[PDB]
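Please read the structure below before turning to the comments.
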Number of protein chains: 6
Amino acid sequence: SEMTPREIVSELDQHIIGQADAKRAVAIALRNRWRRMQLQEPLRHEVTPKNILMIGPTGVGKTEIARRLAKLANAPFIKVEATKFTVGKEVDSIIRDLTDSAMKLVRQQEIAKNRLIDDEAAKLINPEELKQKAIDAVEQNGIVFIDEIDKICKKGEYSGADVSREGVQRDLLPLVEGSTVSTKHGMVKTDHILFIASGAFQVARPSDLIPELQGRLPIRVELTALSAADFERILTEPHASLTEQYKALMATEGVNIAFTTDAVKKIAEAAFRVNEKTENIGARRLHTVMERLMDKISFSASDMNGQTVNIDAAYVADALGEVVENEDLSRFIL
Amino acid sequence: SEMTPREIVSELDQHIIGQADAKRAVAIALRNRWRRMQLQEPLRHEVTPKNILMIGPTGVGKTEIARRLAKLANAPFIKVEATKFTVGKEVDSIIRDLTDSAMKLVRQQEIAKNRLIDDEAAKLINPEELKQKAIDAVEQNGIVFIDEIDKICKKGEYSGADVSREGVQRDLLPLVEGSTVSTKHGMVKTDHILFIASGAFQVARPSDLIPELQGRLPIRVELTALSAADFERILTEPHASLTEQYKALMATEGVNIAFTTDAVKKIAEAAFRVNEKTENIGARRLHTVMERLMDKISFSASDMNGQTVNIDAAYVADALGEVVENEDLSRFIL
Amino acid sequence: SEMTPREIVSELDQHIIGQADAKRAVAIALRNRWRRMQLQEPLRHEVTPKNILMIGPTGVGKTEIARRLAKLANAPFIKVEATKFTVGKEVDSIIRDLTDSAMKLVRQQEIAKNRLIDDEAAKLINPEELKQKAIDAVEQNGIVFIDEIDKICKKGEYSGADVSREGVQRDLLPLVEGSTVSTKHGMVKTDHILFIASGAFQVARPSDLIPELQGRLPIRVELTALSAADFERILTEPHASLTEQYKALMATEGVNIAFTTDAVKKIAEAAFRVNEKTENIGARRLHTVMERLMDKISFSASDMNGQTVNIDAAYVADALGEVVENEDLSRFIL
Amino acid sequence: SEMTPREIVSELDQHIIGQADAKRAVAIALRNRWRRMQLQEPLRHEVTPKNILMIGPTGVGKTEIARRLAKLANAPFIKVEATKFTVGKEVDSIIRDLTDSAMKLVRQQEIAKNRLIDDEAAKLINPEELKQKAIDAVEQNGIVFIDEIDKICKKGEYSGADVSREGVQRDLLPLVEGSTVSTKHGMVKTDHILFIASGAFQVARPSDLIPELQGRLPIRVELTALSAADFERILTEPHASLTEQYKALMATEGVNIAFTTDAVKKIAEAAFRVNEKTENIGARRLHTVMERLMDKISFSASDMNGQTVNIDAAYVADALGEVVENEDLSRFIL
Amino acid sequence: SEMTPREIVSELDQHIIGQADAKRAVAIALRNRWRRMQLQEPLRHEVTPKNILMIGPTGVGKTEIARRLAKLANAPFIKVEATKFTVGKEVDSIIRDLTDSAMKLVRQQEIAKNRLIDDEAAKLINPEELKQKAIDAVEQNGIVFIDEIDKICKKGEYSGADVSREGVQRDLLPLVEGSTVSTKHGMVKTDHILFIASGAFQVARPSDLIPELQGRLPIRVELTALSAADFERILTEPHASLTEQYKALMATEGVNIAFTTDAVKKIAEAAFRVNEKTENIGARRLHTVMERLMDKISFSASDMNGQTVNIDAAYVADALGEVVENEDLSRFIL
Amino acid sequence: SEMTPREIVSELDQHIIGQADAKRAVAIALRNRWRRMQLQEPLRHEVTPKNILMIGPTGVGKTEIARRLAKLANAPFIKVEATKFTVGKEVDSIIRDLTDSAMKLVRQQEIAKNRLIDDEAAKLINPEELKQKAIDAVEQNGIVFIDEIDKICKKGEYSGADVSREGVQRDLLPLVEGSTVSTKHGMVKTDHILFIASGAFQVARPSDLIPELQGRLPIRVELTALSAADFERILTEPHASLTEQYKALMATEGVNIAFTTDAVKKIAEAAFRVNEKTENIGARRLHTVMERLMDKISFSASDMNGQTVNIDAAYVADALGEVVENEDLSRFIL
Ligand SMILES: Nc1ncnc2c1ncn2[C@@H]1O[C@H](COP(=O)(O)OP(=O)(O)O)[C@@H](O)[C@H]1O
């Protein structure tokens, strides 16, 4: 898009708390596409996407940053899990699924951008028109998110699976290097598709990836663990935060809810407490804690039409009970 | 549907004895769909289904609650066994089978809702009409029941199958996270499909599921073991209970049967006795015990037209004989 | 059909010697279909087939009872071996093959039930007419015989194959529980298909089957070993018995044969003697013994037109020679 | 055919030396088809083919007897190796290949039996005409030869392959028991297809085959080893014997050859000598010995037009040299 | 093409630094095609391509020389990883993918070489016209690059994979020897396709390849390791070098950058330093170092419109910081 | 063809040096086809091809003799590697690929044998015309070369692969025995296809092949190792020898080269020296040595237009340097 790096980050800031480095890395990556378009031949086709490799713990915004990025750029997105390819599925599926994603994007945008009348829905839908467009979207703005790419790295005492793993990287090369893949909508060039690979790299390191693949993931960026304070912001700041979602849902029932300031600190404190006591699943822990919290009101909201319900610290401690501190309970409920 | 949580539970109560927590959890889940529909963009598409994970022993109503739920909501249902995916079958089959289920639902409802005349059965059946409808049903009201999801959790001394198991969870992610799957009726978005996963979690715990999947199963609910008293109610209270079924079947033969109060306690006592002496298969034990009980009358009902047969405690003890107390017999017969 | 349990058993008696319990179990099962049809909604669709599990030694009439049952009911039958499913074949094949079987049944019955003229064979054969009929036959009267279902039960020191075995039961569930399967003739509901599972259960017990599958095989019935006296009756009583078959075959050659009373006792005595001395293969042993007996006359019948040949005890002892008592010979010849 | 057992054996005698028992067994089997056709319903469809199991060493005429049998009966034949089925191929292929074989038989017989003119080759070739005919041939006269069926028998220390082997027998059951298989020419009933199974049964015995399969191979017959005297007859008596073939081939070159009486004894003596000194491959040994013998004359026959060449004992000893007695040479050359 | 060896090398020199031997080997190979075309039958079809085997370390120009070669010759190129073939993929895919590559080359060249007007894009696009052309391109000028062919060589303690590896070479033979492969565009002869195989041959040697394959890789050539001085030239001399690319990208932002002489020595010194301290990935190391260097300016270039930025030694040392010397950092960042 | 054995060998002599026995064996084999055609029914179809098994070291002319044979007979050829079949590929592929080969042969011969005019290329190309012809070529003159057939023989300590190997022979039987295979051009009878199997038989012997397959490879012939003197002749005598090829290639550049008598002895001496010092790859060694020799002149020929270059002993010793005697070098370069 015509958006500048800072404008892209400003947009990302409204959905993702923190992770400024990753926000900048993807902003740059998206801006480069615009820059390349301002170039002239023969340097235009020589310049390829600077794929990004995100390094960070689980549930801190890696995928979300990528999803959001694709959203604000109005581009075809696709998430895939690396280990998925170690019969089975062929990597080309990635580009295939991605072209489908591009179809919806093109369809809903075409038919909508041109308005009993159902029998006259065509008059714009040219079988070749849409196919070339979907292809065009994928070839020029396609974004592929490759999760757990650190799990296809040679682990310890190599050989056995470390032969199958590297085979996955190997099979990914044609895609990140620039290949032509066949899809039900025609051929697709992967040359300018932006690739975002992710991994925790707890044991494995990026230098463990086969060399041909390291060179195709030039941009290395780290995402940080989230703090209780971060959970606090996430709960209320991002567009469509959990508190805003629940507030809107109860409203359809005639119930007006409100979270006091400390009730939010309490919720975030609960999530962070379970992650550090058991397994840290990051921001995701916020989902179960909120559901546990909104359990009761969610079920009986229909019987409280016209009421305002204040969810304060007391309400939160009541709803959570002994769950947070008792692993026997938390490992089931949260 | 327009049904409120309490109305949904009231309906569930007429088919399932007990399990109030699970009945509430699914009621909420179904009501949320209605609520989301009352929202406005851009918060409407941001709100996703709060998938449910049922935790409980075998044969206590987990699936039945899900089946019934789909029934009362007039929605496409599909049951699948997790371990089924560890060539083989691809998870997308789930969404494929589910779209077929949606086809029948749409067909039988369309042709019926619009009435020699066989050659004029069309005049409503538009190849595109039904396909978009079936797709619409699945995308907006689809319900998937994933049984034994605790068997695809990393067991002990991980690795070997614990690599294949988690691969299943991994492959399930795109579905529970929101993917587009191709089906003979067109593309299908799984974004708003309600997922109900089930497991006994005797050894494994929900916290053992990969994190990306925990976050997509926010609602955790427990189902309880059933008591002899519960078996008692099940035998006669639910719509189409076993006693009501047998009574109606014998009636077609001209035989009027009746179960005395204690005969029912005796039947339920027998089932509960075998489950606690051998393997507890819950309510299912009621099927074999009833068949053993109705064996004789079922075969000769044709020769008793016009008779009323009272099945009392004595009749039950006679029909069961030594089966209940002799494992050598019970493990074959019941 | 409109046939009563006793009428069904009377018919079965003319093909199968003994096994009264199994004859009654299948009679009941077939009668239930008629009964369910006399019911009214919504109890009509709630009542499902009471599948049968036959427990008994090999070659005593399990399959034959099922084959015959399908015959007298004019219904689509299909036999399948359980272990067959442990790439490979998918259980849906069962329903697919079963629908084909239903096609022949419908075709031969339609074209025949409506009578140079070859070019006018149509005028009734409507591509949609037959397909809906075949589907209808399978959905309403389909019968599936699942042999060796005890071989897919967890054996000893479980795990290894006991994981693959139970997977088979698991994959069978959708069929016995009620699923929709796609076939070249359209979709097929397995909801009202009657399932008859068989097994010797020498080591494994029915209680070893996964619980979901036990509940779907409510009727447990035992078949007994056959005696020399039973072999005696089988040789001459059932319609199309072996003696009647051979008598009719030789007659086409102009040869009239007759078995004296003791010649039959001798034949049955021979079969029973080999089964108890080596491996008991039940009634099947009667096939080889009869062939050994009719060997000579069968070859030269063409040269004996106009003759009556009396097969007496002496003839039988001559034809059999030392085979019965010498395992070295019997294990090759019989 | 209308041929009697003795007429069938007389025909077989002109192609196969010895093996009177096997010749009689297949004659009977083929005659039974005719007999069954003389029967009336409902005994007609009840009578099934008496499949044959041939027991004997390699290269003594088992397959040849079956090939010839199919020839003289003008029926679709197909040879298959059992172990072939232990992805891979599905047994149904057998019936598929067999239907193709039936196509050629029907085509060449139809177009031929009805006579620039190439553009008028049709006027008889009705796409449905031939397909129903080919189907008819296979269903009524099809013959399947199953070689090495003793290799799919449970060997020693069962389990491992003895599980896969018996699976083959299991998968063969539907075919020998009577199934319907789909083929590019339509559905095919295997009910009346005659099956001839073969095996050396050196270690395994027929009683080792699963019981369901023993019963479907009622006729057991043994083929004997061949003697030097048998090799002697084979070399010159059967239609298209090796000597007759070579005599006709050299004649096209203008060379008249003749084998003296003792030259033939010498050739047969050589073959029998190598089989008993190394590995006995039966009659097949006659192929290599004849080729070694005719090597020289075969190459230079073109330069001997007009000559009569007498192949006598001296010629044979010359051509064979030291090959027969030197295993180092015989294992390469013969 | 009509280009002479020296003209081809002169062209290669503008993209690849060093590697004169490999540049000559491919120049010769490409010139031979022209020479063969000047020959007359029957010597014309007897002369086959002198395939090349490149021996050298990773990231020194093996693939690039091949890519460039295909470019300057306007020929269909395809890169493939040998181990990729050890279900899976069939080598024929190589020729299939290669024919697709040839399609784009032909299309873009045809429609372009012949010029509202969109509905009149045809008038040249003959379905058969393009297919025969694409086929023609592949058959006459096709170039296949087979990477890591030394990994399919029998390693140590042969057998296990050394059986699968050599199978790959075996399956490659038909292609390098001259085969006909089927593709969606028709049949394709691989007879005159130039094959370039590559490998590091650190342990394995060319003499380890199966003999049939050695003979089809007649030209053996070595590529050398690159020096810091080479990295220096690569950074600025080749067309579309990294410095030229970055200069052009920033220019679209209104930023004029310039690298001082020593800044370039510093960049090349950094890359060479990391390769010799950790893992030598050759020229590829230049990608990560440049990205690390241009990180800051790349993100904020939009805010520096109108500025000239001099990237000198100081700027480079600043941007790199401690990364180069700290393996803990370099293995993540570079 | 009408060619006599001696005429066929005379033709083979102009392409293959030595191997008189193998040349005679294939000449005979090809002549037999002609002879069989001179026969009358019913002996005509009884006579089958005398398949050949070639026994000899690698690179001595086995394949070449077969290729050439197919050439001079204008017949469809196909080379296949036995171990290729141990999912994977099915032997029928052999007959399929062979029918394609037959298509080209028929096409290029038909369209050529019958002559702006491009739009009038048809008027002879009848879709059925060519298909029946290609089929006819394969059925009557098809030649299949089966390399490494000694690698599918039971090795040592049989079982493991010796079960898979023999399975290959087993699957080959239907082809060599006479089967019907389906191909995109119609059905194909393999009855008269000539099969040439090859192997080094260093450890395994022909007597190790399963008996059914020995009998179908009646003609056993040995090929000898080649001497330095043989290499000498090969370099210059065969049509399209290496020296003749290089002479013609340089001529297109304006360069006239000539090899002195001793220069040729020197080249052949070099090849033979490397084969006996390292691994003997036979005549193939001549390819690398010639390329090493012609390296320099081949690259600069363009700059020597008008020159005569005499390649004498001195030139050869110069070009080869230390390669021949230094295994470290020879195993890379030659
Ligand atoms: N609470 C209950 N109320 C009514 N019926 C029940 C209940 N629990 C079990 N059943 C009966 O027992 C069977 C149990 O299967 P299901 O409900 O799927 O549970 P589970 O998944 O634990 O086996 C069903 O056929 C149902 O009719």
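Residue numbering for chain E follows Swiss-Prot, covering 2-87, 92-120, 226-444 in order.
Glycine too: its Cβ is placed from the backbone N, Cα and C atoms.
Quick look at what Swiss-Prot annotates:
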- E:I18, E:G60, E:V61, E:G62, E:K63, E:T64, E:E65, E:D257, E:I306, E:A307, E:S308, E:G309, E:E322, E:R394: ATP binding site (BINDING)
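Positions of the features from Swiss-Prot, shown on the structure.
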residue : record           : Cβ within 10 Å
E:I18   : ATP binding site : 21
E:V61   : ATP binding site : 25
E:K63   : ATP binding site : 26
E:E65   : ATP binding site : 17
E:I306  : ATP binding site : 29
E:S308  : ATP binding site : 26
E:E322  : ATP binding site : 22
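Largest CA to CA distance in the ATP binding set (E:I18, E:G60, E:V61, E:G62, E:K63, E:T64, E:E65, E:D257, E:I306, E:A307, E:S308, E:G309, E:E322, E:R394): 34 Å, whole number. No coordinates are deposited for the 105 residues that fall between E:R120 and E:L226. The C-alpha atoms bordering this gap are 13 Å apart.
DSSP assigns E:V61 (ATP binding site) to coil in the three-state reduction, outside any helix or strand.
In the deposited model, 4 residues between E:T87 and E:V92 are missing, and the Cα-Cα distance across the gap is 10 Å.
Following the DSSP three-state reduction, the secondary structure of E:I18 (ATP binding site) is coil. In this structure, E:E322 (ATP binding site) is part of a helix by DSSP.
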